[PDB]
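Single-structure report; data block below.
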Amino acid sequence: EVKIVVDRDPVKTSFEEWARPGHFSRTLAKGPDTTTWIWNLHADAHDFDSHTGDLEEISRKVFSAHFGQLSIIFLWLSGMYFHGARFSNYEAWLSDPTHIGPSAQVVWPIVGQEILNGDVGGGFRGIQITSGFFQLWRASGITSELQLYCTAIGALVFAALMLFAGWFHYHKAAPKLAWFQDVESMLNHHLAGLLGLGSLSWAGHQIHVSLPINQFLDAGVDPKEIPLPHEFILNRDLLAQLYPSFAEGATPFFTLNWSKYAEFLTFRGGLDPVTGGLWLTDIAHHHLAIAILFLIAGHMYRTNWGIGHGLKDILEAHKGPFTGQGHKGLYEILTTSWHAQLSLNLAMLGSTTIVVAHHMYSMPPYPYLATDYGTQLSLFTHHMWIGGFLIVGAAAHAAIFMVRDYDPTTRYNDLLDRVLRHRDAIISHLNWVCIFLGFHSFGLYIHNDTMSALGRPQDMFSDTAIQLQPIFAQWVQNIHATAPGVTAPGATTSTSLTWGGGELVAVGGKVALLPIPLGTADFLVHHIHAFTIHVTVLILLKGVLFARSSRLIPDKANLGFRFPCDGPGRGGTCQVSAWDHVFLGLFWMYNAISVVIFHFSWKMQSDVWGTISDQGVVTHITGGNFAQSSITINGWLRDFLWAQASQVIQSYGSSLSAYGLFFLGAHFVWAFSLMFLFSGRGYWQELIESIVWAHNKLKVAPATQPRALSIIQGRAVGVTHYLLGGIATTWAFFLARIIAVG
Amino acid sequence: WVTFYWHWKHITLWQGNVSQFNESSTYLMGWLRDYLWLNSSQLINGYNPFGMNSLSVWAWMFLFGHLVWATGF
Amino acid sequence: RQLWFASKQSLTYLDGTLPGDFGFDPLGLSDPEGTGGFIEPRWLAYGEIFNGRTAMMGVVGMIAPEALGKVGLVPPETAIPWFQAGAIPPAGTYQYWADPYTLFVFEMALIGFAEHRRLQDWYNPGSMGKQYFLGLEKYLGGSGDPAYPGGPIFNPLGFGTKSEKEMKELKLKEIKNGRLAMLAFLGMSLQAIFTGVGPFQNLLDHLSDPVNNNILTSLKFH
Amino acid sequence: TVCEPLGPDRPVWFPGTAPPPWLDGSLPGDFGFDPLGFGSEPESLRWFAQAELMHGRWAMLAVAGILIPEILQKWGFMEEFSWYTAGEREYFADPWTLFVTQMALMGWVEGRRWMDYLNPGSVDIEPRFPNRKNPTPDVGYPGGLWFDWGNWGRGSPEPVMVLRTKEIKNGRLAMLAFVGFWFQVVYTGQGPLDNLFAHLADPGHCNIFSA
Amino acid sequence: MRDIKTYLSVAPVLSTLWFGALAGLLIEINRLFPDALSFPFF
Ligand code: CLA
Ligand SMILES: CC1=C(/C=C/C(C)=C\C=C\C(C)=C\C=C\C=C(C)/C=C/C=C(C)/C=C/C2=C(C)CCCC2(C)C)C(C)(C)CCC1
């Protein structure tokens, strides 16, 4: 069956190699005859599958690499907790979080950057932050710098431990194949073990530490004399004072009359007006139910005993009439090629990151989070960016799998075979859908702008003119606002407040959430999003499906994954490798994310965020001009892009001045990218040649023969600089604007 | 670049405030603020949801530029 | 081999090498396809021996003081449950002939000396009888197997007279008493975590009143 | 020159362990303790040996200068107060003049010694009247009646390696003592004898864990 | 040992330490001579 088989001490911890670069690649280890060697060295370091031919060694290598990654993550967490401990105003922030700006970074007074340590309130000076740690540290009842300090220490310990574990598992006790390739027990554990018990232990930490101290702070007390956590579990009488049921030990649970615990485990829903956040009772019930669900899920597959399924015994049964034999053998494909798994997991992880970004703003989990505007905004846009990048990586590695490790002779399948057998139909129909959406979602904006600039407003696309109504969205919102009436009696309000029914939650003269109406502008922006997503999918899916062989080049696969072209023959064959398909799709994903985040910023600052008067009149941060100025590109310039770019541009000579400076460098690089994206190579090669002559004239010609970057590396550096410029520009814009006005 | 320089110089001289040019023309952000941002504010409001103006064409044409250019990429 | 809840992965390596193999291992840890460091069957027998011995000593000692206090002449100055002796600060403490912490690190250093030397012997058997040790050198060679050291330092009276059978009896006795002491220790500690009054007083209770049956209450308290 | 190879002649710092092969034990004070294997190559080995000897001698002098005046303050006639605060004590001259003079003279001396290390025997001070043949060197042990006028480092009073062993062991101990004194003054605010007596009075509690 | 020496002589780490030292020198000069615009020595 399945056992603990491993091997002993393959590679010794000897520095013999560190002084010899490129030991892994036979060609690289010979020596740098030119300068392209030092590019090619970094370029293929992590390329494990091109260093061997057996999956055992590359599996060991990736097992060690995961430990390296985890060590870096732990070190980052430790740095964060430290800087919170020794360099923040966290205690003053806890004193009253309504109007005290979270700052967690000071700068040394050397070169005039003292102005960076701007006024943040609470007798502190420091660069304001928007990471949003403080809402978490108030949720977990840290409420003391000693806790941050010791947590940073423990994080450092875990980091060193993981680094050790890595070194040991690669060098000394290397796992074997029948361990890795055994996915049944891995699924079994990770379902039951990691996620379930994780959520369970967190529910523990919440019901036994957070809930009481948070309730006390909501009652209003200086956290100095707030009783320490362990003094809430050792002596029961405190929790007894809080929750009568909680003073009944464990009888009401075991004896199946769970309703007694109804006080601290409940299903209220909505938000908590004391902090706008979620009712921690609800989130505790959530984490606990999720723990139980993962535990009961974990027991699916047979591992050693006689019960349970087998991932081979599940696929082959499914075989429909149209497709034929079904998923037979697919189990072998997804167990014999790492790149396949990397692609699948990257896709699912990007999608989950996006849905996390979405669910965050509309249901603020933490307390006093939906009122620190910049934090909410920055979190949402960061998660969106991460999701986009993960998705593109998924597509790229899927293409790499399609090229290298796919083969019908032994890694056969009858499903993917059919899929590839009609690729042309797929790409054609997706292309036509892309054209259709492009037309009927952007030409609408063009028509609206034109009919505006021609003095014919009553022929526009808006509520006051020829009208388009997003009826399905309002239908769903009505349903979600009337569902807690009959369908979900156990709830108290709608699942969130953004559903089109209820009241508004406002703390400290500022609003946090309220109903959200949808106008024709929302219809148009949603169709823009749909179109751009469809085009990115078109690019990447075409790349994957045509990575093997196209009707232009018959044997593309033999030429490898990443090569620049196939010469200028047959009318020119530039950018045919799947690698170049990903190079293209990157820009379109960037554009999709950019327009999405702009739409989000405008919609929030024009319909939700803002301040509330003493009487109750709302005056939003931007005045609520969305439904009347999002329908013209010229509007986007005037109402949003130009106007709300003030705070970044007057930012010189103030605390926010750093956000100003980047706003130029971001643009600059942004420029710079074109120089690599537009030019070619031969020109630069000849220029380098003349420069080498000019040097050689002075007996300075270096033996590391200069060489203009190879084509693929040129495109890579170009796209990297371009993404950097764009993202840094929107980053500076967002931070400066929101943290200045809000 | 040449035409930027000439146009900013003259558009300051005509309003009699060459002082502003001489002060805030030495730092790029000064160019992006005093020359482009401000002097474009009469343009981008050529046509708004409250009507249009004589400047309409230019505003329209202006955007036209920032489109055709992009298509070149 | 009195089979109580065995399996086949047990019998893959539990072929009767440990003194008195009963055949009880559903999981099948030490399967010898790849010998896991510290999962070696030799190491497993070593571990059961060492653990059971420590548990015997602990079950005697933790219970000794208060118990003796009952109708004995060890003063009531130490009439305290083992889990209230001071090892569990949320229960009790005591003023000793030093402070708590330095005492702990000192005893840790001593036990570390002993067990480090024992482990070094484990790796290289007999190899302690070479280096200068201010005497004691001509004793620590052991009886070959680190499992069973022997030696007049650890064989004073003299048993297993001319025999391996007597050693087999004495030794079965060892495994049985180790497992029994393990059970008793674990039970005392669980009562302590759930009852809260102390083992010997629990006997004081369960001598007369049968109705106790505190699994019925399942009351979880400090 | 006597060798201490493996076996009973080699009491290993870690019983039951084979010492690193490139740790022969020639250098007195060796026990086969280099898990990091810094002494892997011989040039590094001799360099580190010289560094160790110098550190040991300087640490002996430093710990003597700490200890003796403080106890002669505690009970003796003259009261030399906190040595750690004697660094900022006020003298006839400023500390920077002292620093530059120290640096000049010590640079002179240690540079001559440095050249002797790089080039043995080429920089030595050992006069030669006629017909009396001088001794050689073993760098780290200059010899001649300038630094060995008692004729101790050569033979008669003790086999050499034993005395060098005494020296290196006491030097390691003195290094520990100096770092301990400094770290204590970082934590506590007294001298070494004060901490000593405080520990004597209350061994059970008056420790690092006293707070 | 000598292997780690030849590794340390590889341009990345040497360059990082050299640049760190140079930057430290420059920032220390700036500390000891704030804003240092002219050459007020001759
Ligand atoms: C020769 C070694 C040596 C000796 C004899 C002492 C002795 C002493 N130290 Mg000390 N110390 C040492 C090294 C030493 N230290 C080192 C290397 C450090 C740096 C980490 C310190 C840091 C230190 C602090 C911060 C404090 C003391 C204090 C004390 C005094 C009370 C004991 C105590 O609580 O500290 C116990 C000391 C330690 C835990 C340090 C561990 C390091 C040593 C080397 C332990 C190893 C033992 C040694 C090798 C074996 C004995 C060798 C020889 C003496 C026979 C006591 C006189 C306290 C004091 O001022 O007294 C009131 C105090 O607050 N020590
Ligand atoms: C001083 C010097 C000089 C000059 C320099 C210059 C002129 C520079 C410039 C520069 C420019 C003109 C621009 C720049 C820019 C930069 C940037 C732009 C960066 C960035 C970075 C980063 C790192 C970012 C990041 C991020 C973001 C923000 C987004 C996404 C996320 C993350 C976080 C990634 C000379 C030559 C005289 C000499 C040498 C030195």
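Chain labels A, B, ... are given in the sequence in which chains occur in the structure tokens; within each chain residues are numbered consecutively from 1, and ligands are likewise numbered from 1 in the order shown.
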### Query
Near chain C, which residues of chain A fall within 8 Å when you count only C-alpha atoms, and what do they look like as an MDAnalysis selection string?
chainID A and resid 3:7 234 249:251
For the residues selected in the previous step, produce a file with N, CA, C and O atoms as a PDB file, in the first residue's frame.
ATOM      1  N   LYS A   3       3.330   3.869   2.188  1.00  0.00           N
ATOM      2  CA  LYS A   3       4.258   3.804   3.310  1.00  0.00           C
ATOM      3  C   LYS A   3       5.048   5.103   3.425  1.00  0.00           C
ATOM      4  O   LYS A   3       4.719   6.093   2.764  1.00  0.00           O
ATOM      5  N   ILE A   4       6.083   5.111   4.262  1.00  0.00           N
ATOM      6  CA  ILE A   4       6.862   6.312   4.544  1.00  0.00           C
ATOM      7  C   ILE A   4       8.199   6.301   3.803  1.00  0.00           C
ATOM      8  O   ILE A   4       9.168   6.895   4.273  1.00  0.00           O
ATOM      9  N   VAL A   5       8.265   5.638   2.648  1.00  0.00           N
ATOM     10  CA  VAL A   5       9.547   5.409   1.989  1.00  0.00           C
ATOM     11  C   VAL A   5      10.181   6.729   1.570  1.00  0.00           C
ATOM     12  O   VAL A   5       9.536   7.590   0.959  1.00  0.00           O
ATOM     13  N   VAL A   6      11.450   6.907   1.937  1.00  0.00           N
ATOM     14  CA  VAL A   6      12.273   8.037   1.525  1.00  0.00           C
ATOM     15  C   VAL A   6      13.680   7.523   1.237  1.00  0.00           C
ATOM     16  O   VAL A   6      13.973   6.335   1.394  1.00  0.00           O
ATOM     17  N   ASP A   7      14.557   8.429   0.814  1.00  0.00           N
ATOM     18  CA  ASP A   7      15.948   8.107   0.537  1.00  0.00           C
ATOM     19  C   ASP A   7      16.860   8.992   1.375  1.00  0.00           C
ATOM     20  O   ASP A   7      16.438  10.008   1.934  1.00  0.00           O
ATOM     21  N   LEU A 234      -8.859  31.080  32.429  1.00  0.00           N
ATOM     22  CA  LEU A 234      -8.521  30.464  33.707  1.00  0.00           C
ATOM     23  C   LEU A 234      -9.659  30.628  34.705  1.00  0.00           C
ATOM     24  O   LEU A 234     -10.254  29.638  35.142  1.00  0.00           O
ATOM     25  N   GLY A 249     -20.401  24.936  31.136  1.00  0.00           N
ATOM     26  CA  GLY A 249     -19.388  23.947  30.820  1.00  0.00           C
ATOM     27  C   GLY A 249     -19.517  23.314  29.453  1.00  0.00           C
ATOM     28  O   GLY A 249     -19.275  23.957  28.428  1.00  0.00           O
ATOM     29  N   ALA A 250     -19.891  22.034  29.432  1.00  0.00           N
ATOM     30  CA  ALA A 250     -20.017  21.303  28.179  1.00  0.00           C
ATOM     31  C   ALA A 250     -21.276  20.447  28.120  1.00  0.00           C
ATOM     32  O   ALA A 250     -21.432  19.673  27.169  1.00  0.00           O
ATOM     33  N   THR A 251     -22.185  20.560  29.098  1.00  0.00           N
ATOM     34  CA  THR A 251     -23.401  19.748  29.047  1.00  0.00           C
ATOM     35  C   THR A 251     -24.311  20.142  27.889  1.00  0.00           C
ATOM     36  O   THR A 251     -24.756  19.248  27.146  1.00  0.00           O
TER      37      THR A 251
END
Give me the residues of chain A that have any atom at most 9 Å from an atom of ligand 2; for each, the nearest atom pair and the distance in Å, rounded to one decimal. Use only C-alpha atoms and all ligand atoms, sort by chain and number, and format it as CSV.
residue,atom,partner,partner_atom_place_in_ligand_line,distance
A:382,CA,ligand 2,31 (C),8.2
A:385,CA,ligand 2,30 (C),8.8
A:661,CA,ligand 2,15 (C),8.7
A:662,CA,ligand 2,18 (C),5.8
A:663,CA,ligand 2,18 (C),8.0
A:664,CA,ligand 2,13 (C),7.0
A:665,CA,ligand 2,13 (C),3.6
A:666,CA,ligand 2,18 (C),4.1
A:667,CA,ligand 2,18 (C),7.5
A:668,CA,ligand 2,13 (C),5.7
A:669,CA,ligand 2,15 (C),6.1
A:670,CA,ligand 2,18 (C),8.3
A:723,CA,ligand 2,30 (C),8.5
A:724,CA,ligand 2,29 (C),6.2
A:725,CA,ligand 2,18 (C),6.3
A:726,CA,ligand 2,29 (C),8.1
A:727,CA,ligand 2,29 (C),4.9
A:728,CA,ligand 2,29 (C),4.0
A:729,CA,ligand 2,28 (C),7.6
A:730,CA,ligand 2,29 (C),8.0
A:731,CA,ligand 2,28 (C),5.8
A:732,CA,ligand 2,28 (C),7.0
### Task
Give as a ChimeraX atom specification the residues surrounding ligand 1 up to a distance of 10 Å, considering only C-alpha atoms and all ligand atoms.
/C:102,105 /D:172-200,202-211
### Query
Which residues come within 8 Å of residue 151 in chain C, counting only C-alpha atoms, excluding same-chain residues fewer than 3 positions away, as a count of residues only?
7
### Query
as a PyMOL selection string, which residues of chain E does DSSP assign to alpha helix (DSSP H)?
chain E and resi 2-8+11-32
Could you turn the residues from that selection into a file that holds N, CA, C and O atoms, as a JSON list (two decimals), in the first residue's frame?
[["chain", "number", "residue", "atom", "x", "y", "z"],
["E", 2, "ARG", "N", 37.80, 27.92, 0.44],
["E", 2, "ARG", "CA", 38.21, 28.69, -0.73],
["E", 2, "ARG", "C", 37.09, 28.78, -1.76],
["E", 2, "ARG", "O", 36.99, 29.79, -2.48],
["E", 3, "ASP", "N", 36.24, 27.76, -1.84],
["E", 3, "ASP", "CA", 35.06, 27.83, -2.69],
["E", 3, "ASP", "C", 34.17, 29.00, -2.31],
["E", 3, "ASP", "O", 33.69, 29.74, -3.18],
["E", 4, "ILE", "N", 33.94, 29.20, -1.01],
["E", 4, "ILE", "CA", 33.09, 30.31, -0.60],
["E", 4, "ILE", "C", 33.79, 31.63, -0.86],
["E", 4, "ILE", "O", 33.14, 32.65, -1.11],
["E", 5, "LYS", "N", 35.13, 31.65, -0.86],
["E", 5, "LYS", "CA", 35.85, 32.86, -1.22],
["E", 5, "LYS", "C", 35.64, 33.21, -2.68],
["E", 5, "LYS", "O", 35.30, 34.36, -3.02],
["E", 6, "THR", "N", 35.83, 32.24, -3.58],
["E", 6, "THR", "CA", 35.61, 32.49, -5.00],
["E", 6, "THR", "C", 34.16, 32.85, -5.27],
["E", 6, "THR", "O", 33.87, 33.66, -6.16],
["E", 7, "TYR", "N", 33.23, 32.25, -4.52],
["E", 7, "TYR", "CA", 31.82, 32.64, -4.65],
["E", 7, "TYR", "C", 31.61, 34.08, -4.21],
["E", 7, "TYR", "O", 30.88, 34.84, -4.85],
["E", 8, "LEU", "N", 32.24, 34.48, -3.10],
["E", 8, "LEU", "CA", 32.11, 35.85, -2.63],
["E", 8, "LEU", "C", 32.72, 36.84, -3.62],
["E", 8, "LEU", "O", 32.32, 38.00, -3.66],
["E", 11, "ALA", "N", 30.56, 38.92, -8.96],
["E", 11, "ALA", "CA", 30.25, 40.35, -9.05],
["E", 11, "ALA", "C", 29.01, 40.81, -8.28],
["E", 11, "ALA", "O", 29.05, 41.92, -7.74],
["E", 12, "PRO", "N", 27.89, 40.06, -8.23],
["E", 12, "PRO", "CA", 26.73, 40.55, -7.47],
["E", 12, "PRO", "C", 27.02, 40.97, -6.03],
["E", 12, "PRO", "O", 26.73, 42.10, -5.65],
["E", 13, "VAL", "N", 27.57, 40.06, -5.23],
["E", 13, "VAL", "CA", 27.74, 40.34, -3.81],
["E", 13, "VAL", "C", 28.80, 41.41, -3.59],
["E", 13, "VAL", "O", 28.64, 42.31, -2.75],
["E", 14, "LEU", "N", 29.90, 41.33, -4.34],
["E", 14, "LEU", "CA", 30.93, 42.36, -4.28],
["E", 14, "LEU", "C", 30.35, 43.73, -4.60],
["E", 14, "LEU", "O", 30.62, 44.71, -3.90],
["E", 15, "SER", "N", 29.53, 43.80, -5.64],
["E", 15, "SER", "CA", 28.92, 45.07, -6.03],
["E", 15, "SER", "C", 27.96, 45.57, -4.96],
["E", 15, "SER", "O", 27.93, 46.77, -4.66],
["E", 16, "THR", "N", 27.17, 44.67, -4.37],
["E", 16, "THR", "CA", 26.23, 45.08, -3.33],
["E", 16, "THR", "C", 26.97, 45.68, -2.15],
["E", 16, "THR", "O", 26.60, 46.75, -1.65],
["E", 17, "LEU", "N", 28.03, 45.02, -1.69],
["E", 17, "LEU", "CA", 28.76, 45.54, -0.54],
["E", 17, "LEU", "C", 29.47, 46.85, -0.88],
["E", 17, "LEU", "O", 29.49, 47.78, -0.07],
["E", 18, "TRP", "N", 30.05, 46.94, -2.08],
["E", 18, "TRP", "CA", 30.72, 48.17, -2.50],
["E", 18, "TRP", "C", 29.74, 49.34, -2.54],
["E", 18, "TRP", "O", 30.02, 50.43, -2.03],
["E", 19, "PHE", "N", 28.56, 49.12, -3.14],
["E", 19, "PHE", "CA", 27.57, 50.17, -3.23],
["E", 19, "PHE", "C", 27.03, 50.55, -1.86],
["E", 19, "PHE", "O", 26.77, 51.72, -1.59],
["E", 20, "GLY", "N", 26.83, 49.56, -0.98],
["E", 20, "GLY", "CA", 26.41, 49.87, 0.37],
["E", 20, "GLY", "C", 27.41, 50.75, 1.09],
["E", 20, "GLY", "O", 27.03, 51.73, 1.74],
["E", 21, "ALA", "N", 28.70, 50.43, 0.97],
["E", 21, "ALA", "CA", 29.72, 51.24, 1.61],
["E", 21, "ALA", "C", 29.75, 52.65, 1.03],
["E", 21, "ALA", "O", 29.85, 53.64, 1.78],
["E", 22, "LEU", "N", 29.64, 52.77, -0.29],
["E", 22, "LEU", "CA", 29.66, 54.09, -0.91],
["E", 22, "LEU", "C", 28.46, 54.92, -0.47],
["E", 22, "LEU", "O", 28.59, 56.11, -0.15],
["E", 23, "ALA", "N", 27.27, 54.31, -0.45],
["E", 23, "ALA", "CA", 26.08, 55.02, -0.03],
["E", 23, "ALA", "C", 26.18, 55.44, 1.43],
["E", 23, "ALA", "O", 25.75, 56.54, 1.80],
["E", 24, "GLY", "N", 26.72, 54.57, 2.28],
["E", 24, "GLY", "CA", 26.94, 54.95, 3.67],
["E", 24, "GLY", "C", 27.87, 56.14, 3.80],
["E", 24, "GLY", "O", 27.61, 57.07, 4.56],
["E", 25, "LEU", "N", 28.97, 56.13, 3.04],
["E", 25, "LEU", "CA", 29.88, 57.27, 3.04],
["E", 25, "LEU", "C", 29.15, 58.55, 2.63],
["E", 25, "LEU", "O", 29.29, 59.59, 3.29],
["E", 26, "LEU", "N", 28.36, 58.48, 1.56],
["E", 26, "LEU", "CA", 27.68, 59.67, 1.07],
["E", 26, "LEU", "C", 26.66, 60.19, 2.08],
["E", 26, "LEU", "O", 26.59, 61.40, 2.34],
["E", 27, "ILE", "N", 25.86, 59.30, 2.67],
["E", 27, "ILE", "CA", 24.86, 59.75, 3.62],
["E", 27, "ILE", "C", 25.52, 60.30, 4.88],
["E", 27, "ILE", "O", 25.02, 61.24, 5.50],
["E", 28, "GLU", "N", 26.67, 59.74, 5.28],
["E", 28, "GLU", "CA", 27.37, 60.29, 6.43],
["E", 28, "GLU", "C", 27.93, 61.68, 6.14],
["E", 28, "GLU", "O", 27.85, 62.57, 6.99],
["E", 29, "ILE", "N", 28.50, 61.87, 4.95],
["E", 29, "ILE", "CA", 28.94, 63.21, 4.55],
["E", 29, "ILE", "C", 27.78, 64.19, 4.60],
["E", 29, "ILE", "O", 27.90, 65.29, 5.14],
["E", 30, "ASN", "N", 26.64, 63.79, 4.03],
["E", 30, "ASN", "CA", 25.47, 64.67, 4.05],
["E", 30, "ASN", "C", 25.03, 64.98, 5.47],
["E", 30, "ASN", "O", 24.60, 66.10, 5.76],
["E", 31, "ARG", "N", 25.13, 64.00, 6.37],
["E", 31, "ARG", "CA", 24.81, 64.26, 7.77],
["E", 31, "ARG", "C", 25.75, 65.30, 8.36],
["E", 31, "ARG", "O", 25.31, 66.23, 9.04],
["E", 32, "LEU", "N", 27.05, 65.15, 8.12],
["E", 32, "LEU", "CA", 28.03, 66.05, 8.70],
["E", 32, "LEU", "C", 28.17, 67.36, 7.93],
["E", 32, "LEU", "O", 28.92, 68.24, 8.37]]
### Task
Quick one: pull the distance between CA of residue 125 in chain A and CA of residue 659 in chain A, Å, one decimal.
16.9 Å
#### Entry: Nearby residues (only C-alpha atoms) at most 12 Å from range 11-20 of chain B, same-chain spacing under 5 positions excluded, as number ranges by chain
B: 3-6, 25-26, 30-31, 33-36, 39
### Task
Quick one: everything within 9 Å of residue 59 in chain B, counting only C-alpha atoms, minus sequence neighbours fewer than 5 positions away in the same chain. Send it as a PyMOL selection string.
(chain A and resi 453+634) or (chain B and resi 43-47+64)
With a distance cut-off of 10 Å and only C-alpha atoms, select the neighbouring residues of range 39-53 of chain A, excluding the residue or stretch itself and same-chain residues fewer than 4 positions from it, and output the selection as a tab-separated table (two decimals) with N, CA and C atoms, in the first residue's frame.
chain	number	residue	atom	x	y	z
A	21	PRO	N	29.13	29.20	-11.29
A	21	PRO	CA	27.76	29.48	-11.70
A	21	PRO	C	27.31	28.55	-12.82
A	22	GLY	N	25.99	28.40	-12.92
A	22	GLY	CA	25.42	27.56	-13.97
A	22	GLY	C	25.88	26.13	-13.94
A	23	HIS	N	26.12	25.57	-12.75
A	23	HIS	CA	26.48	24.16	-12.65
A	23	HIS	C	25.40	23.26	-13.23
A	24	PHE	N	24.14	23.71	-13.20
A	24	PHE	CA	23.03	22.86	-13.62
A	24	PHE	C	23.00	22.69	-15.13
A	25	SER	N	23.16	23.77	-15.88
A	25	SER	CA	23.15	23.70	-17.33
A	25	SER	C	24.55	23.36	-17.83
A	26	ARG	N	24.64	22.32	-18.66
A	26	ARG	CA	25.94	21.90	-19.18
A	26	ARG	C	26.60	23.01	-19.99
A	28	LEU	N	25.91	26.32	-19.87
A	28	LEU	CA	26.17	27.49	-19.04
A	28	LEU	C	27.44	27.32	-18.22
A	29	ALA	N	27.69	26.11	-17.72
A	29	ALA	CA	28.85	25.86	-16.86
A	29	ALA	C	30.18	25.99	-17.59
A	32	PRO	N	31.23	32.17	-19.84
A	32	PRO	CA	30.60	33.29	-20.57
A	32	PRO	C	31.45	33.85	-21.70
A	35	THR	N	28.18	38.27	-23.43
A	35	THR	CA	27.44	38.83	-22.31
A	35	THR	C	26.05	38.22	-22.16
A	57	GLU	N	13.51	14.01	-9.16
A	57	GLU	CA	14.45	15.06	-8.75
A	57	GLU	C	13.79	16.43	-8.78
A	58	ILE	N	13.03	16.72	-9.84
A	58	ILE	CA	12.35	18.01	-9.90
A	58	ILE	C	11.29	18.10	-8.82
A	59	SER	N	10.65	16.98	-8.46
A	59	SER	CA	9.70	17.02	-7.36
A	59	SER	C	10.39	17.34	-6.04
A	61	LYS	N	13.10	19.08	-5.78
A	61	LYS	CA	13.52	20.47	-5.88
A	61	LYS	C	12.36	21.42	-5.58
A	62	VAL	N	11.17	21.13	-6.12
A	62	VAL	CA	10.04	22.01	-5.84
A	62	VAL	C	9.60	21.88	-4.39
A	65	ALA	N	11.81	24.24	-2.73
A	65	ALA	CA	11.49	25.62	-3.10
A	65	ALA	C	10.28	26.13	-2.33
A	337	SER	N	2.77	15.47	-14.64
A	337	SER	CA	3.25	16.71	-15.25
A	337	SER	C	2.96	17.84	-14.29
A	338	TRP	N	4.00	18.38	-13.67
A	338	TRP	CA	3.81	19.44	-12.68
A	338	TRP	C	3.15	20.67	-13.29
A	339	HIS	N	3.56	21.06	-14.50
A	339	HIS	CA	3.07	22.29	-15.11
A	339	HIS	C	1.54	22.30	-15.20
A	404	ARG	N	5.33	20.71	-23.98
A	404	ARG	CA	6.40	19.77	-23.64
A	404	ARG	C	5.87	18.38	-23.31
A	405	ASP	N	5.09	18.26	-22.24
A	405	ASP	CA	4.81	16.95	-21.65
A	405	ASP	C	3.53	16.31	-22.14
A	709	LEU	N	20.38	42.75	-26.14
A	709	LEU	CA	19.51	41.71	-25.60
A	709	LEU	C	18.85	40.92	-26.72
A	710	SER	N	18.65	39.63	-26.48
A	710	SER	CA	17.92	38.81	-27.43
A	710	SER	C	16.47	39.29	-27.53
A	713	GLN	N	13.97	38.48	-24.69
A	713	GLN	CA	14.28	39.27	-23.50
A	713	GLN	C	13.94	40.73	-23.69
### Query
Can you list, as a PyMOL selection string, every protein, DNA or RNA residue that comes within 9 Å of range 517-525 of chain A when you count only C-alpha atoms, leaving out same-chain residues fewer than 5 positions away?
chain A and resi 441-442+444-445+461-463+467-470+473-474+498-500+530+595-596+599+603+607+626-631
### Task
For chain B, report every residue with an atom at most 12 Å from chain A (counting only C-alpha atoms), formatted as a PyMOL selection string.
chain B and resi 27-34+36-38+40-64+66-67+72-73
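Residue list for chain D within 10 Å of chain E: residues 37, 38, 39, 40, 41 and 44 of chain D, counting only C-alpha atoms.
Separating CA of residue 90 in chain A from CA of residue 133 in chain A is a distance of 10.2 Å.
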### Query
When distances are computed from only C-alpha atoms, which of D:201, D:106, D:59, D:162 shows the smallest separation from residue 3 in chain D?
D:162
